[PDB]
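Asks: Compute the structure for the input listed below.
(4 chains, ligands or ions: 8)
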Amino acid sequence: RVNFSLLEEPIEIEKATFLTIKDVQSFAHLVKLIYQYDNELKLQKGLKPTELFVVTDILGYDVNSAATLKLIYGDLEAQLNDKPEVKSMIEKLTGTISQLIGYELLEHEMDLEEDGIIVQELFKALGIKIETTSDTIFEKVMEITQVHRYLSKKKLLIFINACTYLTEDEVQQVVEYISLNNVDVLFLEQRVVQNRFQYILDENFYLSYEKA
Amino acid sequence: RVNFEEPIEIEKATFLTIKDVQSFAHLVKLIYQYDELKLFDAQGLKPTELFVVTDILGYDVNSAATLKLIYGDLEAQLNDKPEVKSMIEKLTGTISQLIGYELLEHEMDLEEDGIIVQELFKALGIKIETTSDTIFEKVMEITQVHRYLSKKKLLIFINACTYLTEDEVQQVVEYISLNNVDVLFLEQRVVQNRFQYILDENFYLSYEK
Amino acid sequence: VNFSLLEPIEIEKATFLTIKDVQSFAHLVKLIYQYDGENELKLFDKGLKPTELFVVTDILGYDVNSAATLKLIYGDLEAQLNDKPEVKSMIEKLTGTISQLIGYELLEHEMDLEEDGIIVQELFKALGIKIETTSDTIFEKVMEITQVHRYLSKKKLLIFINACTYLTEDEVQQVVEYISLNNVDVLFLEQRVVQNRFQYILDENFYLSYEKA
Amino acid sequence: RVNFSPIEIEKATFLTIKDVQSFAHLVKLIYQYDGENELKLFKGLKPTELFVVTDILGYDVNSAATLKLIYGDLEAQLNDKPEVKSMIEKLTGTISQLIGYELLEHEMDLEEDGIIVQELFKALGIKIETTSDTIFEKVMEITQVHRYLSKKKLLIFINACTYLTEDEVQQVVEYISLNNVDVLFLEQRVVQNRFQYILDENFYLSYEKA
Ligand SMILES: [Ca+2]
Ligand SMILES: [Ca+2]
Ligand SMILES: [Ca+2]
Ligand SMILES: [Ca+2]
Ligand SMILES: [Ca+2]
Ligand SMILES: [Ca+2]
Ligand SMILES: [Ca+2]
Ligand SMILES: [Ca+2]
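Replies: Residues are numbered from 1 along each chain as shown, chains lettered A, B, ... in the order given. Ligands and ions are numbered 1, 2, ... in the order given. Sharing the structure here:
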């Protein structure tokens, strides 16, 4: 994954790549570009607006949206498909509940009818979601990265200012996760992230791949 | 129970025929307009306490407000069969445990609440069966549903008795008696072989046969 | 359009069908309400989707002012307006003037405000444009349902059940009079004979005939 | 106004937290605001009285409840310019009648009520413009929105000053002091050239000019 704007040199986003932009205006501008994304070019084949995933507000980000739960539930059912001895138990438990309640409908004085219970119905009845209420920014960053692991239509996650919140070993565990799961993410910072390699465009317009 | 040209007393299944079509139309209008024509208790009826059907097969017996009342009642019936409820409680508990393990094995921080019996009712698709209904059956169903909707003091059917054999009518008239529900049947053709208020072409109020 | 259930009766314009036996009247009503295409009632052209069918028993209760009906009526209403261009341009010029004025008000306001335009539909919707139904008689409502049947091109067959029990002999004529004018196929289904007109009849012993009554 | 996890929020007030773990911890505390570990006082603040932004450009300024309030103010404005209101009502009036005849000649029994200004604003899609915003511009708009929502007693911007030059912050602060609202700027690095509370690398609170 490749982008270019004012640099006149293409930056390469492979796994977890850090881009620090010292001058606030140029940082405000690249940020504005990222939200207006459509100038600013993302690649070979140009990225579709819909394949970009941007977060600035880590805690406000809704990770339990309707679409994301759909995939999670899809995978949970799959996982449970591969454990026939468990799926089996579940089926017999739900079957029994249905016979049981079935009887009640009969003894009920109106003309009652039922279908049955499939696993998705169970996921929905259980209130299955990602836990977020007790999240630290670190725990949440991780949760956002994993949703990205899943959202295979989302080609690039850009974090903005996310590092201003994390301790240095915290940044390393996020990187280790991104490395290990073959996803690509850009951290866009205005202040240098300590003890690692990063692109830096400095107070003047000198682009370098230094370290801190 | 009391409604009014002359005051009429509605209790169990009562029949009102109007043979002059215009005055039948006019009354049916007034029935749909209700808020001019006045309906009383033992000594004032609010619109939400009145309930009307012309389209017997189209009426949704499975509407959410009614499904609530049946579910409530179905749960009460569970509650009063303590060994059965306990069986269900532990079976849904066991499910919640199993799925909960699966949550732990899944890579993300996953959470679940629990399964209560109303959720089971909604997951099974508990409703009143209607697909196979005959007009006759649907009238029976609608009538029961009238026993439950006790904020609905009076039920009016219009032209029901044109769909129904004189024997079905009597079934229904009885069934209504066993539930002590007040329902008015408004017709335009006399209902054969029974006592009905009649308002004839020449506007004479009769209690005939 | 055509039905068989037992043989076949063409329904062209305002056509009446009296089923004199109550068992059979009820059976057929059930068939209509259970209509899908795979089941035992058959309605033609050949073709006829359930989505294309349109049945009303309860007339006062029918919602003539639904969103999907109103979209069609507004559409017609737009066209009637394009057929009188001097009125049309006056509307465009008058909404134009509106938009400029409110525009200047967006400029003078502290905040950075933006508008787009007013198009006729938006005017219809701001006008509370609907069919008046509060004061309806059954007769009046029956006209409106017929009228709405006409504008819904997707609805090929309208069916009224027991409509003639609320309607005087004069009133019936006019519905038929309207129906013919507009080339819409509506079937009136009855249990009693309709006074003084041509109908199909199924008698208590199941002979079908086409008679005045 | 008053803050503790003991700080007085008045007009434009900045609070810098130097240890990232503290910062993180407080930001989280802000997103959980109920009345638990940290507290905001006039008497307590309800969570609907609170108003936090981190994602400036993402923030929906054009929400149904905010628009409600602009429209009322726009309407108020209109009413105060009676020559204009009078022109608008004539225009809507004439339109009403033209369509009026068209309904009378329509075959169906067609009915209309009328047009009031609020409906006018709605058919226009009156909204705050944001597609072209810079972060600065958006920051002004949100500050404006805060000025309309009497209900939110406090606005908290987090990391706002990583996107803003010294001169722009200064324009934001001029605006706020002037329209007199309470907005807290929570940062993790010192904002040049102004007074701000500072939490040291623990645990000392001081109120200096940087
Ligand atoms: Ca089910
Ligand atoms: Ca969590
Ligand atoms: Ca639950
Ligand atoms: Ca049934
Ligand atoms: Ca518009
Ligand atoms: Ca009317
Ligand atoms: Ca209006
Ligand atoms: Ca703007």
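Asks: Distance-wise, check residue A:148 relative to ligand 7.
Replies: To ligand 7, residue A:148 is 47 Å away according to Cβ to the ion, to the nearest Å. In this view, the C-beta of every residue, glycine as well, is placed from N, C-alpha and C.
Asks: Dump the helix or strand hosting that residue to CSV, restricted to CA.
Replies: Assigned by DSSP states H and E, residue A:148 falls within helix A:137-150. The C-alpha coordinates for helix A:137-150 follow below in CSV (Å, rounded to 0.1, in the frame of the first residue of the first chain):
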residue,chain,number,x,y,z
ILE,A,137,-7.5,3.3,25.1
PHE,A,138,-5.0,0.5,24.7
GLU,A,139,-7.6,-2.3,25.0
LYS,A,140,-9.8,-0.4,22.5
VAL,A,141,-7.0,0.3,20.0
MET,A,142,-6.5,-3.5,19.9
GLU,A,143,-10.2,-4.1,19.4
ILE,A,144,-10.2,-1.6,16.5
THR,A,145,-7.2,-3.4,14.9
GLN,A,146,-8.9,-6.8,15.1
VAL,A,147,-12.1,-5.5,13.5
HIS,A,148,-9.8,-4.4,10.7
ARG,A,149,-8.3,-7.9,10.6
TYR,A,150,-11.9,-9.1,9.9
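Asks: can you tell if that helix touches chain D?
Replies: Yes: against chain D, helix A:137-150 shows contacts by Cβ under 8 Å from any Cβ of the partner chain at A:137-138.
Asks: buried stuff in that helix?
Replies: For helix A:137-150, burial by neighbour count (16 or more other Cβ atoms under 10 Å in any protein chain shown) applies to A:137-138, A:140-150.
Asks: Looking from ligand 7, tell me which residue of chain A is nearest.
Replies: In chain A, no residue comes nearer to ligand 7 than residue A:66, which is 34.1 Å away by Cβ to the ion.
Asks: separation between that residue and residue A:59?
Replies: 20 Å (Cβ to Cβ, to the nearest Å).
Asks: what do you get for residue A:186?
Replies: 20 Å.
Asks: Between residue A:66 and residue A:59, which has more neighbouring residues?
Replies: residue A:59 (19 against 7; other Cβ atoms under 10 Å in any protein chain shown).
Asks: Can you tell me the closest non-neighbouring residue to the more buried one?
Replies: residue D:31 (4.3 Å; Cβ to Cβ, 6 or more residues apart in numbering or on different chains).
Asks: Quickly list the domain ranges of chain A.
Replies: Listed by curated CATH domains, the domain ranges of chain A are A:1-65+A:128-212, A:66-127.
Asks: which among the buried residues of helix A:137-150 gets closest to ligand 6?
Replies: Ligand 6 lies nearest to residue A:147 out of the buried residues of helix A:137-150, by Cβ to the ion, at 54.7 Å.
Asks: Would you list the phi and psi of the residue located most distally from the centre of chain A?
Replies: What lies farthest from the middle of chain A is residue A:109; by Cα atoms, centre = their mean that is 50.8 Å. Residue A:109 adopts backbone torsions of phi -80, psi -20, taken as degrees, to the nearest 10.
Asks: Confirm for me that it is in contact with residue B:144.
Replies: Yes: using Cβ atoms under 8 Å, residue A:109 is in contact with residue B:144, at 7.0 Å.
Asks: and the residue of chain A nearest ligand 5?
Replies: Going by Cβ to the ion, ligand 5 is nearest to residue A:36 of chain A, at 23.5 Å.
Asks: Around ligand 4, pick out the residues from chain A.
Replies: Applying Cβ under 5 Å from the ion, we find that chain A lies next to ligand 4 at residue A:111.
Asks: Show me where chain A has its strands.
Replies: Assigned by DSSP state E, chain A shows strands spanning A:2-4, A:11-12, A:16-21, A:41-42, A:52-55, A:112-113, A:129-130, A:156-160, A:185-189, A:199-201, A:207-208.
Asks: okay, those strands in JSON lines with mean neighbour count and distance to ligand 7 next?
Replies: Shown next, in JSON lines, are these (neighbours: other Cβ atoms under 10 Å in any protein chain shown; distance: least, Cβ to the ion, whole Å):
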{"stretch": "strand A:2-4", "mean neighbour count": "16", "distance to ligand 7": "50"}
{"stretch": "strand A:11-12", "mean neighbour count": "14", "distance to ligand 7": "55"}
{"stretch": "strand A:16-21", "mean neighbour count": "21", "distance to ligand 7": "52"}
{"stretch": "strand A:41-42", "mean neighbour count": "18", "distance to ligand 7": "47"}
{"stretch": "strand A:52-55", "mean neighbour count": "18", "distance to ligand 7": "41"}
{"stretch": "strand A:112-113", "mean neighbour count": "18", "distance to ligand 7": "45"}
{"stretch": "strand A:129-130", "mean neighbour count": "18", "distance to ligand 7": "42"}
{"stretch": "strand A:156-160", "mean neighbour count": "23", "distance to ligand 7": "44"}
{"stretch": "strand A:185-189", "mean neighbour count": "22", "distance to ligand 7": "48"}
{"stretch": "strand A:199-201", "mean neighbour count": "20", "distance to ligand 7": "55"}
{"stretch": "strand A:207-208", "mean neighbour count": "13", "distance to ligand 7": "59"}
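Asks: Format those as JSON lines; extra columns: distance to ligand 6.
Replies: Formatted as JSON lines, these follow (distance: least, Cβ to the ion, whole Å):
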{"stretch": "strand A:2-4", "distance to ligand 6": "63"}
{"stretch": "strand A:11-12", "distance to ligand 6": "68"}
{"stretch": "strand A:16-21", "distance to ligand 6": "67"}
{"stretch": "strand A:41-42", "distance to ligand 6": "59"}
{"stretch": "strand A:52-55", "distance to ligand 6": "54"}
{"stretch": "strand A:112-113", "distance to ligand 6": "40"}
{"stretch": "strand A:129-130", "distance to ligand 6": "50"}
{"stretch": "strand A:156-160", "distance to ligand 6": "58"}
{"stretch": "strand A:185-189", "distance to ligand 6": "63"}
{"stretch": "strand A:199-201", "distance to ligand 6": "71"}
{"stretch": "strand A:207-208", "distance to ligand 6": "74"}
